[PDB]
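As structure tokens, one chain now follows by itself in the form deposited without the partner chain.
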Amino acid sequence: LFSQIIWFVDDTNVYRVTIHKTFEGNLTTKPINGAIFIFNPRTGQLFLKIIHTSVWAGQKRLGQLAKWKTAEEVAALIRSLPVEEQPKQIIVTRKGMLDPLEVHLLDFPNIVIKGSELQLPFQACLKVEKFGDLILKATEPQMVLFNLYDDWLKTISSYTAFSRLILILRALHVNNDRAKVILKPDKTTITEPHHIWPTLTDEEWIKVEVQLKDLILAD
């Protein structure tokens, strides 16, 4: 990483449901909105493609179909971008995306597709209110741009930023409530409205990163 334009693509959160046991003792499954996370680790750019439940209208085996819908939407994004902004490599977080992406990207011979064993839980973002409410309340498909590194690259490298983000996402995934306490070291810690993450000093980030790492180790 950190050279070629690289995207991580996470399809985990595209097909989401709620399950409820009825008074009659049966389980009802109802789709709720999801999202594709498409992430550039060098710049911090996130394309968030909100997946409105209208897309499942008619359809069956929505779990499997979701992988194809993901590939469709990645291809669509690519075709909306100038060639200079298109990725050279796409790294899928889940191996089931490999074949749907290969087929949807046949017109893009420059683009290398591969899998990964990296733990990159974008699902944790569903716990960050900014994302979670936006996804919950959407009434139609849309794509929203974010910068997941806030102002960090002013003073740290992309490598350091990436590592910090992963620690944050993994910690949220393993223990949301404890990770949120670690990320709020003082009563006066705040997050700027256009930021994702808190405004912390260098010293405060050092402590945060060690505590996050420890939380992930404790699992």
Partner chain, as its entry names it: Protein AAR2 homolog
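Here the rigid core means the biggest group of C-alpha atoms that line up within 1.5 Å when the two forms are laid on top of each other. Positions refer to the first chain, counted from 1.
As recorded in the PDB entry, 119-127 is the stretch of 119-127 and 84-92 with the greater mean C-alpha temperature factor. As recorded in the PDB entry, 187-195 is the stretch of 161-169 and 187-195 with the greater mean C-alpha temperature factor. Considering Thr43, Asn176, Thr70, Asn33 together, the PDB entry gives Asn176 the largest C-alpha B factor.
Annotation for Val210: C-alpha temperature factor in the middle third relative to the rest of the modelled chain, per the entry.
Ranked by C-alpha B-factor against the other modelled residues of its chain, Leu48 falls in the lowest third. For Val181, the recorded CA temperature factor ranks within the highest third of the chain's modelled residues.
When the modelled residues of the chain are ordered by C-alpha B-factor, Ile113 sits in the middle third. Remark: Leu105 belongs to the middle third of its chain, ranked by C-alpha B-factor as recorded.
This protein has a second form, the form solved in complex with the partner chain, left out of what is shown; the following refers to that one.
Note that among 41-49, 54-62, 158-166, 187-195, the stretch whose heavy atoms approach the partner chain to within 4.5 Å in the entry with it bound is 54-62. Proximity of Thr12 to the partner chain in the entry with it bound falls within the 4.5 Å heavy atom cutoff.
Under a 4.5 angstroms non-hydrogen atom cutoff, the partner chain in the entry with it bound lacks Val181 among its neighbouring residues. For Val103, a non-hydrogen atom is located within 4.5 Å of the partner chain in the entry with it bound, even though that partner is not displayed.
Using a 4.5 angstroms threshold between heavy atoms, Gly96 counts as touching the partner chain in the entry with it bound.
Within 4.5 Å of the partner chain in the entry with it bound, a heavy atom is found for none of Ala124, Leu134 and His173. Within 4.5 angstroms of the partner chain in the entry with it bound, the stretch 27-42 places a non-hydrogen atom from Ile32 alone.
In a rigid core superposition between this form and the one not shown, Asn26 is the single residue of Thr155, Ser54, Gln59, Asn26 whose Cα is displaced by 2 Å or more. Shown here is a form in which the CA atoms of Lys30 and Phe23 lie at least 3 Å farther apart than they do in the entry with it bound.
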